[PDB]
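> I'd like to ask some things about the structure below.
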Amino acid sequence: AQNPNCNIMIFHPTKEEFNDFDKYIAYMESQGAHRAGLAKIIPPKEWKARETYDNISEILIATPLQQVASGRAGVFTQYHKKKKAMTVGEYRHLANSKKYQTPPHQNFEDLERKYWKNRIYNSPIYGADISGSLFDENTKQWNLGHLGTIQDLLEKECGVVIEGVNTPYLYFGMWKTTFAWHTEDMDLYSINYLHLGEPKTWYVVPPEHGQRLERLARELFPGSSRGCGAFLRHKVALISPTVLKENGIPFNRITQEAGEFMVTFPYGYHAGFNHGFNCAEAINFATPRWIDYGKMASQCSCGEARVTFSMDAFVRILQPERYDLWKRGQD
Ligand SMILES: O=C(O)CNC(=O)C(=O)O
Ligand SMILES: [Mg+2]
Ligand code: NI
Ligand SMILES: [Zn+2]
């Protein structure tokens with residue numbers, strides 16, 4: 001078995017290997033990359049996502065989200081308070097302000113210490129989940145707006161044609177902006193490209209151990225667990241690396257820098273934080289190996305998780321017994 005300790009693997013594809021996206025994912029899996037739940041891909045030196053980032057300031061962030069924490073430094077939830085619209089240039093100025101900017105630090109490990117010590121005492125503002133793309137249309141390799149769709153994959157594997165669409169999303173971050181512990185909708189893959197700015201630190205639990213994280217979470221968030229049998233689908237709970245280690249939960253960590261891709265694998269729980277002003281693009285995707293995970297994915301039906309239009313067909317075809325209850329949660 002390849003990668004039996006479930007370490008995060010880093011890949012350096014050549015320009016020739018960067019042509020065929022599906023083939024390269026399958027290659028990474030042949031080497032055991034999926035066992036970690038997360039892999040890093042450093043693009044060939046010849047590649048670029050677009051020519052420059054000099055002209056992005058007028059993108060609108062219609063609903064910036066202030067991430068307000070509750071709990072203790074290593075075990076907390078966050079809620080999202082909606083703020084007034086602002087442009088990317090306005091948001092960048094805000095991220096760089098004395099109130100929000102990255103503190104002085106020695107290295108990524110010092111900054112990570114400072115994040116976990118101090119996160120809960122601040123409420124950073126995240127421009128998340130903005131439909132759109134920063135890849136140039138002429139970028140032919142690893143262009144996250146030009147990937148094979150999940151609907152087409154399901155149709156190819158299973159023969160059933162379904163409604164729905166699959167487009168990327170932009171994320172504008174600042175110091176301390178946080179992504180809570182989660183797997184993707186329907187335990188899909190994700191791919192995330194850090195277009196510009198400061199790094200993103202990731203934490204990940206191997207897919208084979210995801211239920212250990214779920215059992216800890218039920219213990220640490222006992223009210224939430226009574227409310228919903230899949231409350232991590234709400235994407236609000238944070239648990240620090242120190243608390244994971246104290247409870248024997250297997251995990252790994254890695255920092256993504258500008259110009260790098262990350263892939264999350266089916267049922268790989270992940271969480272993390274941004275170091276300072278940045279912009280990332282991400283999208284879900286599927287492969288043949290996903291189908292069995294999609295069939296077994298948990299679902300929130302309490303009403304909290306509310307998701308896209310396109311998840312309806314995935315539930316309906318892959319999980320017909322659960323469909324009626326899940327759809328009630330949607331309505
Ligand atoms: O970058 C973020 O805020 C969160 N991203 C992801 O969870 C992802 O790409 O799967
Ligand atoms: Mg612009
Ligand atoms: Ni994710
Ligand atoms: Zn729920």
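For the structure tokens, the naming scheme is as follows: chains receive sequential letters (A, B, ...) according to their order of presentation, residues are indexed from 1 within each chain, and ligands are indexed from 1 in presentation order.
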Which neighbours of residue A:145 fall inside 8 Å, counting only C-alpha atoms, when residues of the same chain fewer than 6 positions from it are skipped, and could you give them as a ChimeraX atom specification?
/A:133,135,167-168
> Find the residues near stretch 1-18 of chain A: any atom within 10 Å, counting only C-alpha atoms, skip ones fewer than 4 places away on the same chain, and give them as a count of residues only.
39
> Point out the residue among A:279, A:26, A:228, A:318 with the least atom-to-atom distance to ligand 4, counting only C-alpha atoms and all ligand atoms.
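Closest residue, counting only C-alpha atoms and all ligand atoms: A:228.
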> Enter the distance from atom CA of residue A:257 to atom CA of residue A:198, in Å, rounded to one decimal.
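Going from atom CA of residue A:257 over to atom CA of residue A:198, I get 6.9 Å.
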> Counting only C-alpha atoms and all ligand atoms, what are the residues, protein, DNA or RNA alike, that approach ligand 1 to within 7 Å? I want them as a ChimeraX atom specification.
/A:128,171,178-179,184,190-192,264,270-271,280,282-283
> From a DSSP calculation on the backbone, collect every residue of stretch 198-273 of chain A in helix (DSSP H, G or I) and output the set as a PyMOL selection string.
chain A and resi 207-220+222-227+231-234+241-246
> Based on the selection just made, write C-alpha atoms of those residues as a PDB file, in the first residue's frame.

```pdb
ATOM      1  CA  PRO A 207     -10.145   9.844   5.009  1.00  0.00           C
ATOM      2  CA  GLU A 208      -9.688   6.470   6.667  1.00  0.00           C
ATOM      3  CA  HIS A 209      -9.797   8.259  10.053  1.00  0.00           C
ATOM      4  CA  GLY A 210     -12.558  10.781   9.460  1.00  0.00           C
ATOM      5  CA  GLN A 211     -14.966   9.112  11.860  1.00  0.00           C
ATOM      6  CA  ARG A 212     -12.409   9.708  14.697  1.00  0.00           C
ATOM      7  CA  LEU A 213     -12.673  13.424  14.066  1.00  0.00           C
ATOM      8  CA  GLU A 214     -16.491  13.177  13.985  1.00  0.00           C
ATOM      9  CA  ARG A 215     -16.576  11.413  17.357  1.00  0.00           C
ATOM     10  CA  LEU A 216     -14.336  14.054  18.926  1.00  0.00           C
ATOM     11  CA  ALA A 217     -16.473  16.787  17.477  1.00  0.00           C
ATOM     12  CA  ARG A 218     -19.630  15.264  18.992  1.00  0.00           C
ATOM     13  CA  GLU A 219     -17.868  15.264  22.395  1.00  0.00           C
ATOM     14  CA  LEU A 220     -16.616  18.855  22.086  1.00  0.00           C
ATOM     15  CA  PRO A 222     -22.463  18.381  22.470  1.00  0.00           C
ATOM     16  CA  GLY A 223     -25.462  20.758  21.875  1.00  0.00           C
ATOM     17  CA  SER A 224     -24.683  20.928  18.171  1.00  0.00           C
ATOM     18  CA  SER A 225     -24.432  17.160  17.957  1.00  0.00           C
ATOM     19  CA  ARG A 226     -27.924  16.745  19.525  1.00  0.00           C
ATOM     20  CA  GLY A 227     -29.293  19.242  16.993  1.00  0.00           C
ATOM     21  CA  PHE A 231     -23.402  19.130  12.136  1.00  0.00           C
ATOM     22  CA  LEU A 232     -19.898  19.492  10.653  1.00  0.00           C
ATOM     23  CA  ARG A 233     -21.819  20.118   7.383  1.00  0.00           C
ATOM     24  CA  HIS A 234     -22.676  23.508   8.952  1.00  0.00           C
ATOM     25  CA  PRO A 241      -3.869  21.016  16.453  1.00  0.00           C
ATOM     26  CA  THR A 242      -3.039  20.919  20.184  1.00  0.00           C
ATOM     27  CA  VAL A 243      -6.491  19.627  21.044  1.00  0.00           C
ATOM     28  CA  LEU A 244      -6.387  17.089  18.195  1.00  0.00           C
ATOM     29  CA  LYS A 245      -2.997  15.793  19.506  1.00  0.00           C
ATOM     30  CA  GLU A 246      -4.335  15.602  23.101  1.00  0.00           C
TER      31      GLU A 246
END
```
> Once you count only C-alpha atoms and all ligand atoms, which residues end up within 6 Å of ligand 4, and could you hand them over as a PDB file with N, CA, C and O atoms, in the first residue's frame?

```pdb
ATOM      1  N   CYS A 228     -28.140  17.917  15.299  1.00  0.00           N
ATOM      2  CA  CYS A 228     -27.940  17.434  13.924  1.00  0.00           C
ATOM      3  C   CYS A 228     -26.929  16.321  13.880  1.00  0.00           C
ATOM      4  O   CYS A 228     -25.797  16.503  14.391  1.00  0.00           O
ATOM      5  N   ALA A 230     -25.152  15.360  11.490  1.00  0.00           N
ATOM      6  CA  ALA A 230     -24.022  15.726  10.571  1.00  0.00           C
ATOM      7  C   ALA A 230     -23.682  17.216  10.668  1.00  0.00           C
ATOM      8  O   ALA A 230     -23.521  17.937   9.727  1.00  0.00           O
ATOM      9  N   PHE A 231     -23.564  17.722  11.935  1.00  0.00           N
ATOM     10  CA  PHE A 231     -23.402  19.130  12.136  1.00  0.00           C
ATOM     11  C   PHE A 231     -22.088  19.794  11.594  1.00  0.00           C
ATOM     12  O   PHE A 231     -22.050  20.948  11.393  1.00  0.00           O
ATOM     13  N   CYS A 300     -26.757  16.562   6.238  1.00  0.00           N
ATOM     14  CA  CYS A 300     -27.504  17.422   7.184  1.00  0.00           C
ATOM     15  C   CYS A 300     -28.943  17.505   6.587  1.00  0.00           C
ATOM     16  O   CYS A 300     -29.110  18.037   5.461  1.00  0.00           O
ATOM     17  N   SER A 301     -29.888  17.227   7.406  1.00  0.00           N
ATOM     18  CA  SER A 301     -31.307  17.500   7.078  1.00  0.00           C
ATOM     19  C   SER A 301     -31.999  18.452   8.067  1.00  0.00           C
ATOM     20  O   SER A 301     -33.234  18.591   7.959  1.00  0.00           O
ATOM     21  N   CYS A 302     -31.236  19.099   9.024  1.00  0.00           N
ATOM     22  CA  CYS A 302     -31.844  19.943  10.069  1.00  0.00           C
ATOM     23  C   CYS A 302     -32.163  21.260   9.529  1.00  0.00           C
ATOM     24  O   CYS A 302     -32.791  22.047  10.242  1.00  0.00           O
ATOM     25  N   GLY A 303     -31.685  21.648   8.356  1.00  0.00           N
ATOM     26  CA  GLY A 303     -31.994  22.909   7.790  1.00  0.00           C
ATOM     27  C   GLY A 303     -30.842  23.851   7.777  1.00  0.00           C
ATOM     28  O   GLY A 303     -30.863  24.855   7.052  1.00  0.00           O
ATOM     29  N   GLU A 304     -29.798  23.552   8.554  1.00  0.00           N
ATOM     30  CA  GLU A 304     -28.744  24.560   8.676  1.00  0.00           C
ATOM     31  C   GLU A 304     -27.916  24.586   7.436  1.00  0.00           C
ATOM     32  O   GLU A 304     -27.690  25.680   6.937  1.00  0.00           O
ATOM     33  N   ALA A 305     -27.525  23.419   6.863  1.00  0.00           N
ATOM     34  CA  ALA A 305     -26.419  23.444   5.868  1.00  0.00           C
ATOM     35  C   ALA A 305     -26.708  24.143   4.533  1.00  0.00           C
ATOM     36  O   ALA A 305     -25.809  24.730   3.940  1.00  0.00           O
TER      37      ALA A 305
END
```
> May I ask which of the residues A:151, A:183, A:52, A:298 is the closest one to ligand 2, counting only C-alpha atoms and all ligand atoms?
A:52
